[PDB]
């Protein structure tokens, strides 16, 4: 037996989530800088970048509550880890990764007893769901625009 293995897993996933948000922040900045001629899509990506910068700040508060720090290695490795249509699809898929990871993290925080952090995790998760919903709603419009312009 070692009960402390559960807490080690929780702390590892908190560090994973922090690294994931660094990856998101890089991805969103890159996408925004590259998009031309899709004003709504670009602006929503720019808004989510702002949201993601705050998600990092919020995760750092959770790390602090648990008396741990980010992994600099993981933060760095996560930053190493047709186009408008494919890129929209890619963006959606990354938000769904975030959704899955935060859903798992809610269960982990519950298991660990870190009740005080659950409403922050929920706040983040709700922002990812809102972004994923926006994107999947706009994918058909984007696909139509792309096809119209291909002619």
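Positions refer to the first chain, counted from 1.
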- Item | Count class of deposited residues lacking coordinates, residue 81 to residue 82 | 10 or more
- State which stretch shows the higher mean Cα B factor in the entry: 58 to 66 or 29 to 37. 29 to 37
- residue 115: CA B-factor among chain residues, third -> highest
- Is the Cα B-factor recorded for residue 85 in the lowest, middle or highest third of its chain? highest
